[PDB]
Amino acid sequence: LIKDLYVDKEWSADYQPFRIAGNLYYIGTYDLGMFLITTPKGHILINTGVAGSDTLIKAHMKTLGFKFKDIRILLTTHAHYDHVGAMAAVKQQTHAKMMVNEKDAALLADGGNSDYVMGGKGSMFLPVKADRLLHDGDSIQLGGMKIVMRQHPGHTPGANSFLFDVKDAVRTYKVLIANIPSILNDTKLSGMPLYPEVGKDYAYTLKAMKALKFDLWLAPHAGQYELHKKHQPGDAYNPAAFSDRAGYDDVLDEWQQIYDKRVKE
């Protein structure tokens, strides 16, 4: 692996895990979103953090009263090292099935060495082989849960969001775990040498994500959905803290204006 990878202090900073809505729990760090969906047949994990975050995931699950080794399915929003850095460790420890967007499978399996921005300098994370390759609209089912993957390419070719219903004592909530279409500085939207369709994909994703319908949303980075303005440690259960259509439209509109200006460079 590449030595001396950048880690933001907020990526590794501990955060009190909590129940978001129903059987969906937050088990991530101050900045990095890691989501646990619990079922009678085992659990789904969406994302790790950086390498070493398997320890925090195991500890957070214990705090909530769940066993790490009951994770049966592994998912990611996109195959960058801040979201899959501990994915190989988690798969080795749990024997969970890795299910990945077909468009990110090669990137996940080569540890990021093919990354269209950060590649060619060796592995940024331990590689993971896919147990199931996912396509736009594919469903992931376990213990009564149905998760739909939507392809939201650009940030990586295989970047994707997940939509699913959770039930509590009161009502059903449709949750979106949204991969926000952020554009890195080094990206040329007319086409990148290892990703010629990058700008066409980002354009597609900005329109596609605006069209989604849901009750609650979260994202892989706290700042993208203002986690720490919506939630403080010890807050009473309150799913409505994550009802925020205005903030979702505002983040997508900001990225659409960046896209529009960067195309004109």
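The numbering used is simple: start at 1 and walk along the sequence shown.
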Test of understanding: from the entry's C-alpha B-factors, which stretch has the higher mean, 234-242 or 216-224? 234-242
When the C-alpha temperature factors are averaged for each of 244-252 and 18-26, which stretch ends up with the higher value in the entry? 244-252
Checking the entry, which one of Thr76, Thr187, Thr156, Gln141 has the top C-alpha B factor? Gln141
Would you mind ranking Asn47 by its C-alpha B-factor against the rest of the chain and naming the third, lowest, middle or highest? lowest
Considering every modelled residue of the chain and its Cα B-factor in the PDB entry, is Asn101 in the lowest, middle or highest third? middle
CA B-factor ranking of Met192, expressed as a third of its chain: lowest
Here the Cα B-factor of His152, set against its chain, lands in the third termed lowest
Ranking every modelled residue in this chain by its Cα temperature factor as given in the entry, which third contains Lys69? middle
